[PDB]
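Student: Input file: entry_19.pdb. Contents: PDB, C-alpha atoms and all ligand atoms.
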```pdb
ATOM      1  CA  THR A   1      93.019  67.639  87.829
ATOM      2  CA  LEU A   2      89.254  67.377  88.279
ATOM      3  CA  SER A   3      86.929  68.085  85.329
ATOM      4  CA  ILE A   4      83.243  67.828  84.515
ATOM      5  CA  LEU A   5      82.332  66.044  81.259
ATOM      6  CA  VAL A   6      78.723  66.605  80.055
ATOM      7  CA  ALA A   7      76.371  67.098  77.119
ATOM      8  CA  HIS A   8      73.381  69.383  77.742
ATOM      9  CA  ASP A   9      70.821  70.971  75.452
ATOM     10  CA  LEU A  10      69.671  74.605  75.179
ATOM     11  CA  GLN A  11      67.673  74.192  78.409
ATOM     12  CA  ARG A  12      70.372  72.123  80.163
ATOM     13  CA  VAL A  13      68.528  68.814  79.746
ATOM     14  CA  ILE A  14      71.016  65.938  80.053
ATOM     15  CA  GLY A  15      68.754  62.879  80.252
ATOM     16  CA  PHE A  16      65.363  61.259  79.844
ATOM     17  CA  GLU A  17      64.311  57.928  81.333
ATOM     18  CA  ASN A  18      67.934  57.108  82.199
ATOM     19  CA  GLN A  19      69.095  57.560  78.598
ATOM     20  CA  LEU A  20      70.631  60.363  76.525
ATOM     21  CA  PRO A  21      67.754  62.184  74.807
ATOM     22  CA  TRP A  22      69.753  62.500  71.559
ATOM     23  CA  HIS A  23      71.511  60.235  69.093
ATOM     24  CA  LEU A  24      74.863  61.917  68.467
ATOM     25  CA  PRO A  25      77.782  59.533  67.713
ATOM     26  CA  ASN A  26      80.341  62.343  67.367
ATOM     27  CA  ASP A  27      79.760  63.409  70.974
ATOM     28  CA  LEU A  28      80.478  59.918  72.220
ATOM     29  CA  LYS A  29      83.674  59.965  70.102
ATOM     30  CA  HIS A  30      84.494  63.310  71.736
ATOM     31  CA  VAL A  31      83.957  61.685  75.110
ATOM     32  CA  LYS A  32      86.188  58.730  74.176
ATOM     33  CA  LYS A  33      88.974  61.004  72.931
ATOM     34  CA  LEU A  34      88.981  63.154  76.081
ATOM     35  CA  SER A  35      88.779  60.380  78.673
ATOM     36  CA  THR A  36      90.940  57.562  77.274
ATOM     37  CA  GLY A  37      93.718  56.708  79.695
ATOM     38  CA  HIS A  38      92.098  58.671  82.514
ATOM     39  CA  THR A  39      89.397  58.181  85.154
ATOM     40  CA  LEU A  40      85.598  58.451  84.972
ATOM     41  CA  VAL A  41      83.558  58.996  88.112
ATOM     42  CA  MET A  42      79.836  58.371  87.641
ATOM     43  CA  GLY A  43      76.705  57.823  89.725
ATOM     44  CA  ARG A  44      75.101  54.389  89.902
ATOM     45  CA  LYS A  45      72.207  55.198  87.556
ATOM     46  CA  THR A  46      74.537  56.507  84.888
ATOM     47  CA  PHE A  47      76.578  53.302  85.110
ATOM     48  CA  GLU A  48      73.511  51.061  84.805
ATOM     49  CA  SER A  49      72.381  52.999  81.761
ATOM     50  CA  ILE A  50      75.683  52.354  79.979
ATOM     51  CA  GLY A  51      75.574  48.814  81.366
ATOM     52  CA  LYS A  52      79.294  47.943  81.219
ATOM     53  CA  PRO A  53      82.618  49.649  81.934
ATOM     54  CA  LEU A  54      84.049  51.737  79.123
ATOM     55  CA  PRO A  55      87.325  50.108  78.012
ATOM     56  CA  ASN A  56      90.754  51.734  78.422
ATOM     57  CA  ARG A  57      89.927  54.096  81.284
ATOM     58  CA  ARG A  58      89.375  53.698  85.000
ATOM     59  CA  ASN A  59      85.636  53.316  85.675
ATOM     60  CA  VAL A  60      84.637  54.512  89.124
ATOM     61  CA  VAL A  61      81.044  54.250  90.353
ATOM     62  CA  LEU A  62      79.683  56.192  93.321
ATOM     63  CA  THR A  63      76.930  54.311  95.161
ATOM     64  CA  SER A  64      75.665  53.709  98.697
ATOM     65  CA  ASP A  65      75.257  50.037  97.747
ATOM     66  CA  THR A  66      77.886  48.087  99.728
ATOM     67  CA  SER A  67      77.044  44.994  97.643
ATOM     68  CA  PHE A  68      78.062  46.777  94.465
ATOM     69  CA  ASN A  69      80.888  44.926  92.760
ATOM     70  CA  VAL A  70      81.255  44.791  89.004
ATOM     71  CA  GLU A  71      84.224  43.375  87.098
ATOM     72  CA  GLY A  72      86.301  46.214  85.692
ATOM     73  CA  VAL A  73      84.700  48.789  87.961
ATOM     74  CA  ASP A  74      86.092  50.462  91.059
ATOM     75  CA  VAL A  75      83.490  51.572  93.581
ATOM     76  CA  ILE A  76      83.440  54.466  96.023
ATOM     77  CA  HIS A  77      80.798  55.297  98.643
ATOM     78  CA  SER A  78      81.400  58.985  99.266
ATOM     79  CA  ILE A  79      82.097  62.234  97.421
ATOM     80  CA  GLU A  80      85.237  62.663  99.538
ATOM     81  CA  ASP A  81      86.679  59.497  97.959
ATOM     82  CA  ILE A  82      86.885  61.326  94.621
ATOM     83  CA  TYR A  83      89.751  63.508  95.815
ATOM     84  CA  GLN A  84      91.903  60.440  96.599
ATOM     85  CA  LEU A  85      91.799  59.322  92.974
ATOM     86  CA  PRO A  86      95.096  59.977  91.134
ATOM     87  CA  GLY A  87      95.470  61.511  87.693
ATOM     88  CA  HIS A  88      92.957  63.364  85.561
ATOM     89  CA  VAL A  89      89.453  62.642  86.853
ATOM     90  CA  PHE A  90      86.284  63.336  84.848
ATOM     91  CA  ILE A  91      82.933  63.707  86.582
ATOM     92  CA  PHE A  92      80.861  61.695  84.083
ATOM     93  CA  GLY A  93      77.300  62.207  85.386
ATOM     94  CA  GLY A  94      74.520  62.117  86.036
ATOM     95  CA  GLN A  95      72.470  64.974  87.507
ATOM     96  CA  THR A  96      73.192  64.167  91.161
ATOM     97  CA  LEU A  97      76.950  64.004  90.618
ATOM     98  CA  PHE A  98      76.997  67.212  88.541
ATOM     99  CA  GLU A  99      75.026  69.033  91.261
ATOM    100  CA  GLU A 100      77.389  67.767  93.951
ATOM    101  CA  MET A 101      80.545  68.602  91.992
ATOM    102  CA  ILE A 102      79.979  71.714  89.835
ATOM    103  CA  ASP A 103      81.274  73.977  92.647
ATOM    104  CA  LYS A 104      84.395  71.804  93.115
ATOM    105  CA  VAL A 105      85.767  71.100  89.646
ATOM    106  CA  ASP A 106      88.645  72.967  87.948
ATOM    107  CA  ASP A 107      87.040  72.987  84.539
ATOM    108  CA  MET A 108      84.247  71.591  82.386
ATOM    109  CA  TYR A 109      84.103  69.958  78.977
ATOM    110  CA  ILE A 110      80.590  70.712  77.784
ATOM    111  CA  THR A 111      78.906  69.669  74.569
ATOM    112  CA  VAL A 112      76.064  72.115  74.051
ATOM    113  CA  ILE A 113      73.378  70.270  72.103
ATOM    114  CA  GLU A 114      71.778  73.103  70.141
ATOM    115  CA  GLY A 115      68.214  71.880  70.493
ATOM    116  CA  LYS A 116      65.348  71.493  72.945
ATOM    117  CA  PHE A 117      64.627  67.926  74.063
ATOM    118  CA  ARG A 118      62.186  66.376  76.511
ATOM    119  CA  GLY A 119      64.149  65.692  79.709
ATOM    120  CA  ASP A 120      63.741  64.579  83.301
ATOM    121  CA  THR A 121      67.291  65.318  84.442
ATOM    122  CA  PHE A 122      69.298  68.533  84.136
ATOM    123  CA  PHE A 123      72.753  70.065  84.419
ATOM    124  CA  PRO A 124      72.832  72.729  87.166
ATOM    125  CA  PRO A 125      72.599  76.362  86.029
ATOM    126  CA  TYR A 126      75.926  78.175  85.649
ATOM    127  CA  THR A 127      76.961  81.574  84.305
ATOM    128  CA  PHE A 128      79.737  82.539  81.859
ATOM    129  CA  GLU A 129      80.509  85.286  84.363
ATOM    130  CA  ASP A 130      82.232  82.572  86.397
ATOM    131  CA  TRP A 131      83.712  80.522  83.532
ATOM    132  CA  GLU A 132      86.274  81.456  80.910
ATOM    133  CA  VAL A 133      85.791  79.917  77.455
ATOM    134  CA  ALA A 134      89.173  78.209  76.870
ATOM    135  CA  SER A 135      87.800  76.924  73.577
ATOM    136  CA  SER A 136      84.572  76.729  71.619
ATOM    137  CA  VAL A 137      84.402  74.445  68.577
ATOM    138  CA  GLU A 138      81.371  73.763  66.362
ATOM    139  CA  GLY A 139      80.699  70.064  65.837
ATOM    140  CA  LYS A 140      80.556  69.010  62.186
ATOM    141  CA  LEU A 141      77.226  67.730  60.890
ATOM    142  CA  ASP A 142      76.827  64.787  58.548
ATOM    143  CA  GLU A 143      74.627  61.812  57.688
ATOM    144  CA  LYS A 144      74.945  60.272  61.171
ATOM    145  CA  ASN A 145      75.195  63.512  63.210
ATOM    146  CA  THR A 146      72.281  65.770  62.487
ATOM    147  CA  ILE A 147      71.935  67.914  65.606
ATOM    148  CA  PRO A 148      74.026  71.110  65.772
ATOM    149  CA  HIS A 149      76.395  71.006  68.707
ATOM    150  CA  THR A 150      79.265  72.942  70.208
ATOM    151  CA  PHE A 151      82.208  71.691  72.211
ATOM    152  CA  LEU A 152      83.073  74.071  75.089
ATOM    153  CA  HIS A 153      86.078  73.871  77.353
ATOM    154  CA  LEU A 154      85.319  76.134  80.323
ATOM    155  CA  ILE A 155      87.806  77.023  83.064
ATOM    156  CA  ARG A 156      86.714  78.485  86.398
ATOM    157  CA  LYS A 157      87.598  82.182  86.679
ATOM    158  CA  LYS A 158      89.648  83.404  89.637
ATOM    159  CA  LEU A 159      88.062  85.874  92.045
ATOM    160  CA  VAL A 160      90.313  88.950  92.081
ATOM    161  CA  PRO A 161      89.939  92.466  93.549
ATOM    162  CA  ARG A 162      88.505  95.009  91.063
TER     163      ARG A 162
HETATM  164  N1  LIG A 201      74.088  64.139  78.899
HETATM  165  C1  LIG A 201      75.097  63.814  79.721
HETATM  166  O1  LIG A 201      76.199  64.327  79.635
HETATM  167  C2  LIG A 201      74.866  62.779  80.776
HETATM  168  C3  LIG A 201      75.931  62.180  81.438
HETATM  169  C4  LIG A 201      75.655  61.203  82.397
HETATM  170  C5  LIG A 201      74.330  60.869  82.690
HETATM  171  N2  LIG A 201      73.325  61.455  82.021
HETATM  172  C6  LIG A 201      71.917  61.175  82.340
HETATM  173  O2  LIG A 201      71.712  61.564  83.702
HETATM  174  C7  LIG A 201      70.577  60.863  84.225
HETATM  175  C8  LIG A 201      70.921  60.204  85.553
HETATM  176  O3  LIG A 201      71.175  61.192  86.549
HETATM  177  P1  LIG A 201      70.700  60.871  88.066
HETATM  178  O4  LIG A 201      71.051  62.012  88.959
HETATM  179  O5  LIG A 201      69.264  60.420  87.984
HETATM  180  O6  LIG A 201      71.574  59.576  88.488
HETATM  181  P2  LIG A 201      73.179  59.439  88.672
HETATM  182  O7  LIG A 201      73.800  60.701  89.215
HETATM  183  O8  LIG A 201      73.703  58.800  87.412
HETATM  184  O9  LIG A 201      73.218  58.331  89.827
HETATM  185  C9  LIG A 201      72.556  58.598  91.057
HETATM  186  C10 LIG A 201      73.076  57.601  92.069
HETATM  187  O10 LIG A 201      74.446  57.882  92.343
HETATM  188  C11 LIG A 201      74.762  57.502  93.690
HETATM  189  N3  LIG A 201      75.251  58.663  94.458
HETATM  190  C12 LIG A 201      75.202  59.959  94.065
HETATM  191  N4  LIG A 201      75.744  60.767  95.016
HETATM  192  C13 LIG A 201      76.163  59.988  96.033
HETATM  193  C14 LIG A 201      76.832  60.197  97.336
HETATM  194  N5  LIG A 201      77.180  61.430  97.784
HETATM  195  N6  LIG A 201      77.084  59.098  98.083
HETATM  196  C15 LIG A 201      76.758  57.857  97.682
HETATM  197  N7  LIG A 201      76.157  57.591  96.509
HETATM  198  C16 LIG A 201      75.834  58.601  95.658
HETATM  199  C17 LIG A 201      73.465  56.996  94.295
HETATM  200  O11 LIG A 201      73.458  55.596  94.041
HETATM  201  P3  LIG A 201      72.645  54.534  94.976
HETATM  202  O12 LIG A 201      71.202  54.943  94.823
HETATM  203  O13 LIG A 201      73.006  53.220  94.315
HETATM  204  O14 LIG A 201      73.227  54.805  96.346
HETATM  205  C18 LIG A 201      72.432  57.699  93.438
HETATM  206  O15 LIG A 201      71.137  57.090  93.506
HETATM  207  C19 LIG A 201      70.197  59.822  83.186
HETATM  208  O16 LIG A 201      69.076  60.310  82.434
HETATM  209  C20 LIG A 201      71.395  59.747  82.270
HETATM  210  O17 LIG A 201      70.978  59.408  80.953
HETATM  211  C21 LIG A 201      73.569  62.400  81.097
HETATM  212  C1  LIG A 202      79.561  53.598  71.635
HETATM  213  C2  LIG A 202      80.412  54.738  71.098
HETATM  214  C3  LIG A 202      81.385  55.373  72.106
HETATM  215  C4  LIG A 202      82.787  55.740  71.431
HETATM  216  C5  LIG A 202      83.074  54.951  70.159
HETATM  217  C6  LIG A 202      81.516  54.536  73.429
HETATM  218  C7  LIG A 202      82.962  54.124  73.702
HETATM  219  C8  LIG A 202      83.537  52.925  73.080
HETATM  220  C9  LIG A 202      84.878  52.559  73.354
HETATM  221  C10 LIG A 202      85.660  53.348  74.250
HETATM  222  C11 LIG A 202      85.095  54.505  74.856
HETATM  223  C12 LIG A 202      83.727  54.892  74.580
HETATM  224  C13 LIG A 202      83.152  56.141  75.261
HETATM  225  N1  LIG A 202      81.733  56.361  75.033
HETATM  226  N2  LIG A 202      81.007  55.257  74.539
HETATM  227  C14 LIG A 202      79.721  54.809  75.178
HETATM  228  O1  LIG A 202      79.099  53.834  74.738
HETATM  229  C15 LIG A 202      79.129  55.546  76.408
HETATM  230  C16 LIG A 202      78.277  56.607  76.173
HETATM  231  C17 LIG A 202      77.525  57.333  77.248
HETATM  232  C18 LIG A 202      78.132  58.398  77.907
HETATM  233  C19 LIG A 202      77.411  59.129  78.909
HETATM  234  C20 LIG A 202      78.086  60.314  79.664
HETATM  235  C21 LIG A 202      78.396  61.497  78.742
HETATM  236  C22 LIG A 202      78.001  61.551  77.403
HETATM  237  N3  LIG A 202      78.343  62.635  76.688
HETATM  238  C23 LIG A 202      79.035  63.634  77.198
HETATM  239  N4  LIG A 202      79.378  64.757  76.368
HETATM  240  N5  LIG A 202      79.427  63.624  78.451
HETATM  241  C24 LIG A 202      79.127  62.589  79.246
HETATM  242  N6  LIG A 202      79.527  62.591  80.572
HETATM  243  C25 LIG A 202      76.058  58.749  79.248
HETATM  244  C26 LIG A 202      75.445  57.674  78.572
HETATM  245  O2  LIG A 202      74.126  57.274  78.852
HETATM  246  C27 LIG A 202      73.527  57.919  79.961
HETATM  247  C28 LIG A 202      76.165  56.964  77.579
HETATM  248  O3  LIG A 202      75.504  55.884  76.906
HETATM  249  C29 LIG A 202      74.962  56.245  75.629
END
```
Here is the file; what I need is its structure written in the form of structure tokens.
Tutor:
Amino acid sequence: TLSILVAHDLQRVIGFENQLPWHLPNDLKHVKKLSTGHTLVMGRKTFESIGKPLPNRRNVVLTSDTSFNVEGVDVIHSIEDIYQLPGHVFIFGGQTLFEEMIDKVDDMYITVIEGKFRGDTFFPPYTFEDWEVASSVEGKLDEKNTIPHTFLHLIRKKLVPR
């Protein structure tokens, strides 16, 4: 199974200066819950932003850099390598990987950040005409999580006659 995992705001901003534009601990917990025991595939810039592999999942980094070798990280050099990965694979970011993969994935786990942030990187446009809402869950707000957000699980719709 191949999924996208992403947080984007009302204008599909996902990043600014190689960081998340928002501080939202619950979304990172959401991410942890979904991906534990599975595989993350991420672009090189996304990896460098995080700075270390996330524990208790397979960390796969896509890069053209043949010198890339980081302890606890598997490296691939082509999109086509993604399909050889076993198990449940999450496309983890960033913009380049989402653009390359949005037409290929089975489904998407999207956190809609219900705000408008300054960004320099974006999730590609998509339409709910093509995507069934398997679930939509409002994130709970508290002292440490102050931005309204919604967890979407979207599944690609089949093209059928009439
Ligand atoms: N909000 C979210 O859910 C979320 C999630 C993840 C990331 N982000 C944000 O996204 C932004 C980064 O996105 P980005 O597009 O600038 O960078 P990125 O996708 O994280 O990484 C880009 C790099 O990935 C490698 N790559 C991508 N496609 C490749 C291919 N077909 N073959 C070989 N290598 C390939 C290249 O590495 P080399 O240049 O080393 O070859 C490329 O320069 C940051 O702002 C980050 O904070 C947001
Ligand atoms: C530190 C708290 C948490 C969970 C307690 C911590 C963690 C700790 C232990 C075990 C697992 C995990 C999983 N997570 N962490 C991270 O430290 C990584 C976050 C992260 C993640 C992304 C990609 C991303 C974010 N959000 C959504 N919805 N989709 C995505 N693909 C980008 C980023 O910076 C561009 C990130 O660094 C901010």
Student: So which residues get picked by the PyMOL selection byres (((not hetatm)) within 6 of (chain A and resi 202)) here, written as a PyMOL selection string?
Tutor: chain A and resi 5-7+19-20+27-29+31-32+46+49-50+54-55+92-93+111
Student: Which is closer to residue 18 (chain A) than all the others in A:161, A:72, A:94, A:124, using only C-alpha atoms?
Tutor: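 Ranked by minimum distance to residue 18 (chain A), first place goes to A:94.
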Student: CA of residue 151 (chain A) and CA of residue 138 (chain A), how far apart in Å?
Tutor: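 CA of residue 151 (chain A) lies 6.3 Å from CA of residue 138 (chain A).
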Student: Mind giving me the straight-line distance from atom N6 of ligand LIG 201 (chain A) to CA of residue 62 (chain A) in Å, one decimal?
Tutor: 6.2 Å
Student: Suppose a student applies the PyMOL selection byres (((not hetatm)) within 9 of (chain A and resi 201)) to this structure; what residues should they get, written as a VMD selection string?
Tutor: chain A and resid 5 to 9 12 to 22 42 to 50 61 to 66 68 76 to 80 91 to 100 110 to 111 119 to 123
Student: Separation of CA of residue 113 (chain A) and CA of residue 82 (chain A), in Å?
Tutor: 27.7 Å
Student: What lies within 6 Å of region 128-134 of chain A using all atoms listed in the file, ignoring chain neighbours under 2 positions off, as JSON, numbers by chain?
Tutor: {"A": [153, 154, 155, 156, 157]}
Student: For the structure shown, which residues end up in the PyMOL selection byres (((chain A and resi 106) around 8) and not hetatm)? Put them as a PyMOL selection string, please?
Tutor: chain A and resi 1-3+104-105+107-108+155-156
Student: Out of A:88, A:142, A:148, A:40, which residue has the shortest atom-to-atom distance to residue 116 (chain A) when counting all atoms listed in the file?
Tutor: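 Using all atoms listed in the file, the shortest distance to residue 116 (chain A) belongs to A:148.
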Student: List the spatial neighbours of residue 144 (chain A) as a ChimeraX atom specification - criterion: any atom at most 9 Å away, all atoms listed in the file, same-chain residues fewer than 6 positions off excluded.
Tutor: /A:23-26
Student: Which residue, A:34, A:160, A:147, A:70, has the smallest gap to residue 57 (chain A) when you use only C-alpha atoms?
Tutor: A:34
Student: Select, from A:137, A:75, A:10, A:4, the residue with the minimum atom-to-atom distance to residue 114 (chain A), counting only C-alpha atoms.
Tutor: A:10
Student: Let me make sure I understand: among A:36, A:11, A:135, A:146, which one has the smallest atom-to-atom distance to residue 109 (chain A) if we use all atoms listed in the file?
Tutor: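 Distance minimum relative to residue 109 (chain A) lands on A:135.
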